[PDB]
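This report refers to the structure that appears directly beneath it.
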Amino acid sequence: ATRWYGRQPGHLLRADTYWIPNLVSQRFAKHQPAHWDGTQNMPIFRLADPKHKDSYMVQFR
Amino acid sequence: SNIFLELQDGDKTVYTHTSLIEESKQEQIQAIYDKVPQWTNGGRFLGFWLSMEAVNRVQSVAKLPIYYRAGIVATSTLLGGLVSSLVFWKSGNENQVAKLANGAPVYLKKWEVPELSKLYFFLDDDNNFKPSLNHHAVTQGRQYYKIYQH
Amino acid sequence: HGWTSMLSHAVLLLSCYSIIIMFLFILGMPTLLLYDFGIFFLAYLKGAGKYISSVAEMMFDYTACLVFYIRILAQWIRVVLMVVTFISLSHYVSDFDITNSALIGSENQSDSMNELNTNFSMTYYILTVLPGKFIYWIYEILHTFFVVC
Amino acid sequence: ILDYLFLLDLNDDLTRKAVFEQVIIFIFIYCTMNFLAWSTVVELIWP
Amino acid sequence: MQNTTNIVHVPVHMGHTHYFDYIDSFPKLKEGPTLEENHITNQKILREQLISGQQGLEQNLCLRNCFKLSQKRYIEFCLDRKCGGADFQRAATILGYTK
Amino acid sequence: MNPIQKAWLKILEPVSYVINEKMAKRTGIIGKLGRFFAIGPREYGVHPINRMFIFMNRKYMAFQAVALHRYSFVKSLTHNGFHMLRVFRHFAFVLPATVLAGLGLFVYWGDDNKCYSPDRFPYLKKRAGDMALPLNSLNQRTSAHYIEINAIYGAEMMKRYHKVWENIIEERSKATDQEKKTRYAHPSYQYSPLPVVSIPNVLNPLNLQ
Amino acid sequence: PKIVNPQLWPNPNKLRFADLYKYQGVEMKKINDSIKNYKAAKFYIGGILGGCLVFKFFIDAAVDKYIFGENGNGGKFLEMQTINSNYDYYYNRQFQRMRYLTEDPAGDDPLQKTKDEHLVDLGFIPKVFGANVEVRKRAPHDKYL
Amino acid sequence: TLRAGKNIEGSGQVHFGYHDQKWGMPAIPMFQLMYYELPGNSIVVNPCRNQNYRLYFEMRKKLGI
Ligand SMILES: CCCCCCCCCCCCCCCCCC(=O)OC[C@H](COP(=O)([O-])OCC(O)COP(=O)([O-])OC[C@@H](COC(=O)CCCCCCCCCCCCCCCCC)OC(=O)CCCCCCCCCCCCCCCCC)OC(=O)CCCCCCCCCCCCCCCCC
Ligand SMILES: CCCCCCCCCCCCCCCCCC(=O)OC[C@H](COP(=O)([O-])OCC(O)COP(=O)([O-])OC[C@@H](COC(=O)CCCCCCCCCCCCCCCCC)OC(=O)CCCCCCCCCCCCCCCCC)OC(=O)CCCCCCCCCCCCCCCCC
Ligand SMILES: CCCCCCCCCCCCCCCCCC(=O)OC[C@H](COP(=O)([O-])OCC(O)COP(=O)([O-])OC[C@@H](COC(=O)CCCCCCCCCCCCCCCCC)OC(=O)CCCCCCCCCCCCCCCCC)OC(=O)CCCCCCCCCCCCCCCCC
Ligand SMILES: CCCCCCCCCCCCCCCCCC(=O)OC[C@H](COP(=O)([O-])OCC[N+](C)(C)C)OC(=O)CCCCCCCCCCCCCCCCC
Ligand SMILES: COC1=C(OC)C(=O)C(C/C=C(\C)CC/C=C(\C)CC/C=C(\C)CC/C=C(\C)CC/C=C(\C)CC/C=C(\C)CC/C=C(/C)CCC=C(C)C)=C(C)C1=O
């Protein structure tokens with residue numbers, strides 16, 4: 001049960017200046033209003049998981 | 001479209017919000033409020049042009065201190081914008097938004113007017129997870145004043 | 001950049017910002033130079049026109065202003081060459097061979113120490129194969145030094 | 001009273017950009033670097 | 001057993017990239033309406049519920065609160081005491097719990 | 001010498017008389033103790049931290065004067081004062097803006113000063129005793145509304161149960177032993193009386209209300 | 001203040017040895033120069049603190065505007081934005097469903113569970129069931145992920 | 001992990017057995033451009049939490065506050 005609850009991914013901010021591709025690309029990104037759909041788990045950012053397509057450059061050790 | 005409307009319900013002055021109107025008519029209301037600055041700024045130009053033509057070519061105002069001449073152009077500039085804004089609304093637009101708000105709920109006080117985008121709701125499992133205002137913390141209801149008719 | 005290792009979560013943070021600063025302020029140098037020339041700026045680049053047609057000269061002036069910026073912007077391919085050459089050397093060194101056969105009293109018994117490990121390369125390994133890997137290493141760094149300098 | 005004062009917010013900066021918290025780190029590093037470099041140049045005219 | 005071992009019940013696709021390991025895509029992943037299209041959809045549902053779905057609401061909320069009790073005998077006591085003497089099966093049909 | 005050292009000397013004036021006048025000039029263990037703890041001005045009393053600030057303040061201030069004393073970018077735009085061709089005029093305010101940003105160097109130090117820390121993961125590890133937590137610990141949470149509302153609800157309903165509890169005890173006191181044992185009893189139970197004993201009827205064993 | 005002297009040794013003559021008595025004075029002289037700066041900075045620092053006192057009242061009205069809004073229904077505090085595209089959002093939702101359907105092997109330790117041999121000796125002979133081979137695990141609604 | 005109920009023999013993360021190891025990031029620019037350590041301050045509470053304040057604004061208007 002503990003391992004299963006731990007795999008439900010946490011929310012990790014998209015804003016990142018540590019990776020040089022995001023440091024350049026995010027200067028041209030447009031922040032759009034994320035309309036609330038009635039939930040408490042809207043993944044409007046990236047997810048704190050090593051296998052996520054926007055978090056693979058992060059070292060989860 | 002976040003606009004608070006002040007409608008004339010006979011003798012009462014009722015209030016509502018554009019979020020309480022269907023999206024098909026919110027676009028027509030927003031289009032009217034978008035042409036107000038075009039009439040306001042356009043009227044400011046005429047008030048600035050006609051005033052500059054009078055304080056220079058009319059040799060009765062030209063023989064005056066510059067501070068008096070600049071005050072006329074300054075006064076006629078913003079006065080030309082306030083007049084054009086009145087002609088815009090009073091012609092057919094102040095009554096068009098009233099007709100576009102037909103069927104929307106109104107309230108006696110502005111403080112009682114809710115914004116539909118700011119209301120709390122939940123996904124009702126008992127109704128195919130549709131969004132519902134009748135969440136498990138609601139006690140009585142909304143009970144607006146009346147439906148606007150124009 | 002060694003002295004900035006603990007200043008943030010990225011060791012190369014200052015370097016990644018500096019390459020952006022270096023690109024933007026170098027890009028603005030030709031722009032500010034054309035502003036200093038004034039409205040005659042096209043005469044400073046190409047010189048005197050040849051045809052009476054302003055539309056014809058407009059095309060030649062559009063090229064001179066483009067060439068004026070290409071002389072600067074195309075030089076960043078040199079920086080790309082220096083980075084690629086530096087990465088290829090780092091890839092060769094990071095993947096260079098190191099095994100338990102070079103360790104003194106190894107305890108990594110599960111890392112091929114107790115397994116039958118034959119190969120299909122040339123024999124006399126330290127005389128033929130190992131010097132060959134070092135010869136290519138010297139080429140990688142000598143080619144890198146020549147490029148980056 | 002105006003909405004321009006909303007720029008003073010850092011409690012809910014993650015709702016809009018969350019970029020301020022990382023850029024100032026570089027600026028503080030950049031000031032430290034220029035401090036070490038510029039003080040060396042201007043002071044070392046004395047020998 | 002390997003400490004990093006997971007069993008997944010839905011298909012995933014891994015990236016074929018050097019130095020990185022991640023899930024780059026999900027097979028047959030369809031994109032629904034945007035966050036703005038869903039918002040407009042929900043506003044239309046909430047607007048009709050605000051204008052035409054507020055009369056007789058106090059009675060239905062009492063029936064719903066009574067049916068969240070643990071035991072059935074407490075539900076019948078709640079309906080009789082708080083809901084003006086409503087019937088169990090009759091209120092269950094109103095709320096939509098009857099098959 | 002500083003005023004704080006002078007303030008110590010006024011308070012230690014009687015102590016200075018016991019050690020320096022009496023104990024210091026004696027012999028033996030009392031003499032060695034007095035000469036060792038003699039009171040006066042400090043040998044090696046300099047404060048290196050205070051001196052470290054004065055040095056770094058003067059060195060960093062000379063850098064501020066260089067970085068802030070720049071020729072204006074605005075004045076060089078007209079080509080009429082001191083600057084005709086300045087191809088790097090757009091760098092003129094980078095050093096001043098960088099120095100002015102250094103004023104918040106200590107105001108915004110670390111993660112907690114740049115955001116609302118209770119909404120970040122490291123705050124949870126600190127409240128758990130500097131203990132590692134799973135990365136999704138900020139999500140698996142019970143409603144703070146429930147914890148506080150239920151705490152009030154339970155205590156408010158306990159006051160209303162206490163009033164009902166008194167009416168039940170009083171009504172059961174006036175009930176026959178036959179009634180208090182057959183009511184709420186199992187249907188299969190046949191009542192048989194017990195010998196009458198004297199057992200007091202105490203509401204609260206401790207003398208509480 | 002006067003310092004008690006044990007008189008264990010005679011101090012050098014001030015006229016013959018003047019350098020030995022100077023450090024104390026120049027040290028307090030430095031502090032006096034710093035106090036002149038502290039006093040002269042009273043109006044500059046006070047003007048800033050006075051500005052903060054006036055700025056406090058505008059920040060109060062801006063916070064209530066930020067939180068409550070125009071008509072007390074909520075201001076820009078309720079706004080949240082994102083740079084995720086529509087594909088990025090539905091990838092994250094499916095990533096949430098995938099982790100919900102991500103289990104580990106072998107479950108828990110069977111030796112920490114009630115034995116069937118113990119139930120027989122306690123008076124309850126358990127019935128053996130077959131494996132439910134027809135059920136398919138699925139993710140719940142997004143509100144529960 | 002020990003408090004969570006998993007006894008630990010040995011120590012460290014240099015797994016002797018059949019496990020994947022994760023060495024420290026090589027302190028060379030190649031790996032320092034591809035990777036960066038996980039900043040714990042970037043793991044946040046979802047902003048949908050702020051939408052619960054909608055209940056407060058509605059309760060205040062119902063109570064005439
Ligand atoms: C997606 C982004 C896209 C854009 C990105 C790039 C951004 C560009 C921004 C760069 C900087 C712009 C700022 C300009 C500053 C201007 C300030 C100023 O006004 O000073 C005046 C100044 C000229 O004054 P001067 O040179 O100092 O001296 C003047 C002499 O004394 C005067 O001698 P004279 O008296 O002999 O001259 C005669 C007269 C003669 O002029 C004429 O030719 C006359 C024309 C005919 C008029 C019509 C006549 C009609 C007649 C009808 C007759 C009717 C009557 C008929 C009969 C009726 C009978 C009743 O000429 C003039 O004096 C006029 C010159 C002034 C023209 C101003 C030109 C600038 C306009 C820029 C427009 C856009 C600005 C946007 C900026 C926004 C911020 C980015 O203007 C300039 O200096 C211009 C400099 C521009 C250089 C910068 C170029 C940068 C490169 C850009 C392109 C890059 C391409 C490659 C890109 C590659 C990828 C990166
Ligand atoms: C009446 C007549 C009476 C006598 C009758 C008989 C006369 C003699 C007939 C001889 C019959 C054949 C002998 C069979 C017995 C072999 C026993 C043995 O130990 O073999 C082991 C040896 C290693 O084989 P293995 O261990 O069994 O491994 C099996 C596979 O090879 C493994 O395959 P793998 O691919 O894995 O292996 C890689 C391959 C590596 O790839 C190679 O094959 C290397 C090839 C590159 C070198 C090629 C150029 C060599 C010539 C350079 C000098 C040219 C001078 C003229 C230039 C003219 C230019 C136009 O092999 C190696 O790893 C070789 C490393 C071992 C040797 C390296 C160091 C040698 C010492 C060098 C310094 C010597 C200082 C001289 C001191 C004198 C006293 C000792 O076998 C051979 O190397 C065969 C060599 C055959 C002779 C070569 C000609 C030498 C000429 C020297 C010229 C300077 C002196 C001139 C004197 C003139 C006198 C008239
Ligand atoms: C109600 C209250 C009572 C009211 C009445 C009483 C008040 C009356 C006035 C009292 C005094 C006011 C002071 C100013 C007037 C003084 C008059 C004068 O003659 O002074 C000359 C004075 C004499 O020079 P100086 O004494 O030797 O040295 C002056 C400074 O030490 C340093 O001088 P500097 O020249 O070296 O400084 C240069 C710096 C000065 O700093 C700035 O002004 C900041 C400028 C940043 C904005 C640049 C905008 C670029 C164009 C954007 C166009 C669209 C705009 C849309 C905006 C939307 C906003 C969301 O600007 C730059 O760094 C320029 C380079 C920028 C980097 C490159 C950016 C452009 C390329 C990137 C383009 C990206 C887009 C490309 C594609 C576009 C799409 C096609 O120079 C000055 O200008 C003094 C200004 C210094 C700041 C004073 C601040 C005092 C505090 C007041 C609060 C802040 C007010 C200002 C806020 C402005 C908004 C940020
Ligand atoms: C809504 C936005 C658009 C507003 C209108 C367009 C205005 C221009 C866009 C705004 C630009 C602001 C940012 C840049 C600021 C300027 C930077 C700069 O380099 O300037 C230095 C320049 C210096 O020019 P200089 O000529 O003195 O010296 C430069 C010499 N060279 C070029 C060789 C270096 O000064 C300026 O301000 C020029 C820009 C003037 C723009 C004025 C536009 C209106 C003109 C007056 C109104 C005329 C109406 C008719 C009058 C009738 C008779 C009375
Ligand atoms: C403005 O321009 C600028 C300069 O000027 C040119 C700079 O020099 C500089 C450079 C900055 C420096 C050289 C300073 C560097 C200082 C750094 C890095 C940190 C300094 C930290 C310390 C000195 C540690 C101090 C330790 C403490 C405060 C903790 C122990 C003290 C305690 C508990 C006292 C309790 C505090 C109070 C009661 C507050 C009241 C204040 C008082 C003064 C009361 C004192 C009371 C008594 C009885 C002495 C910058 C950046 C700048 O922008």
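When a ligand or atom number is given, it counts from 1 through the structure's own listing order. In what follows, chains carry the letters A, B, and so on, assigned in the order in which the sequence lines appear, proteins first and then strands, with residues in each chain numbered from 1. Worth knowing before you read on, the calculation uses all heavy atoms, side chains too, and leaves out hydrogens, waters and symmetry mates.
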Report task. Would you verify that at least one protein heavy atom lies under 4.0 Å from atom 37 (O) of ligand 4, or report that none does? Result -> no

Requested in this report: Over 60° means perpendicular and under 30° means parallel, so classify the ring planes of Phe20(D) and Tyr108(F), tilted if in between.
Outcome: perpendicular

Query - Close N or O approach (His79(F), ligand 4; < 3.5 Å) - result: no

Query raised in the report: Does the protein put any heavy atom within less than 4.0 Å of atom 36 (O) of ligand 2?
Result: yes

Query - N-O pairing of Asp111(F) and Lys114(F) below 4.0 Å - result: no

Query raised in the report: Would atom 13 (C) of ligand 4 count as contacted, meaning some protein heavy atom under 4.0 Å?
Result: no

Query raised in the report: Is there a protein heavy atom less than 4.0 Å away from atom 27 (O) of ligand 2?
Result: no

Requested in this report: Kindly indicate whether atom 22 (C) of ligand 2 is approached by any protein heavy atom to under 4.0 angstrom.
Outcome: no

**Report entry** Parallel, tilted or perpendicular, as decided by the 30° and 60° cut-offs, for the rings of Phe45(B) and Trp49(B)
**Finding:** tilted

Query raised in the report: Is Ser85(B) reaching over with its side chain to a backbone N or O of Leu82(B), donor-acceptor style, under 3.5 angstrom?
Result: yes

Query raised in the report: Hey, is atom 6 (C) of ligand 4 under 4.0 Å from any protein heavy atom?
Result: no

Report task. Would you check if the side chain of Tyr30(D) reaches a backbone N or O of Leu95(F) as a donor-acceptor pair within less than 3.5 Å? Result -> no

Query raised in the report: Hey, what's the ring geometry for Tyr71(F) with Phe82(F), parallel, tilted or perpendicular (30° and 60° as the breaks)?
Result: parallel

Report task. Output yes when a protein non-hydrogen atom is found under 4.0 Å of atom 43 (O) of ligand 2, and no otherwise. Result -> no

Query raised in the report: For atom 30 (C) of ligand 2, is the nearest protein heavy atom closer than 4.0 Å?
Result: no

Query raised in the report: How about atom 40 (C) of ligand 4: does it have a protein heavy atom within less than 4.0 Å?
Result: no

Query raised in the report: Would a 4.5 Å heavy-atom cut-off, applied to side chains only, mark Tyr23(G) and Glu27(G) as touching?
Result: yes

**Report entry** SB check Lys46(C) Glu57(C) (cutoff 4.0 Å)
**Finding:** yes

Requested in this report: Give the single entry among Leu85(F), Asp36(C), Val74(F), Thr78(F) that approaches atom 28 (O) of ligand 4 most closely by any heavy atom.
Outcome: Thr78(F)

Report task. Identify whether the distance between the nearest side-chain nitrogen and carboxylate oxygen of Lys133(C) and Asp97(C) falls below 4.0 Å. Result -> yes

Query - Nearest protein heavy atom with distance in Å, relative to atom 63 (O) of ligand 2 - result: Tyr124(C) CD1, 2.9 Å

Query raised in the report: Looking only at distance, does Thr123(C) have an N or O less than 3.5 Å from an N or O of ligand 2?
Result: yes

Query - Residue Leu77(F) vicinity, atoms of ligand 4 by number, heavy atom under 4.0 Å - result: 19 (O), 28 (O), 29 (C), 34 (C)

Query raised in the report: Any idea which protein heavy atom is nearest atom 19 (O) of ligand 4, and the distance to it?
Result: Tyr35(C) OH, 3.1 Å

Query - Heavy-atom protein neighbour under 4.0 angstrom from atom 21 (C) of ligand 4 - result: yes

Requested in this report: Name the orientation class of the two ring planes belonging to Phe63(F) and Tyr60(F) (parallel below 30°, tilted from 30 to 60°, perpendicular beyond 60°).
Outcome: tilted

Query raised in the report: Of all the non-hydrogen atoms in the protein, which one sits nearest to atom 39 (C) of ligand 2, and at what distance?
Result: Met122(C) CE, 4.7 Å

Query raised in the report: At what distance is the nearest protein heavy atom to atom 68 (C) of ligand 2, and which residue and atom is it?
Result: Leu127(C) CD2, 4.2 Å

Query raised in the report: Does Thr128(C) reach the main-chain N or O of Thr123(C) with its side chain, forming a donor-acceptor pair under 3.5 Å?
Result: yes

Query raised in the report: Which class fits the ring pair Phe96(C) and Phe134(C): parallel under 30°, tilted 30 to 60°, perpendicular over 60°?
Result: tilted

Report task. Please say whether the positively charged group of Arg70(F), taken as NZ for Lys or CZ for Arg, lies over the ring of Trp38(D), i.e. under 6.0 angstrom from the six-membered ring centre and within 45 degrees of the axis. Result -> yes

Query raised in the report: Does a side-chain N-to-carboxylate-O contact under 4.0 Å join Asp36(C) and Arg89(F)?
Result: yes

Between ligand 5 and the protein, which N/O pairs fall short of 3.5 Å?
{"unit_1": "ligand 5", "atom_1": "2 (O)", "unit_2": "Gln64(F)", "atom_2": "NE2", "d": "3.2"}
{"unit_1": "ligand 5", "atom_1": "5 (O)", "unit_2": "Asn57(F)", "atom_2": "ND2", "d": "3.0"}
{"unit_1": "ligand 5", "atom_1": "8 (O)", "unit_2": "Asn57(F)", "atom_2": "ND2", "d": "2.5"}

Query raised in the report: Under 4.0 Å from atom 1 (C) of ligand 4, do we find at least one protein heavy atom?
Result: no

Query raised in the report: Crowded around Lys42(G) NZ? As in, over 12 foreign heavy atoms under 6.0 Å?
Result: yes

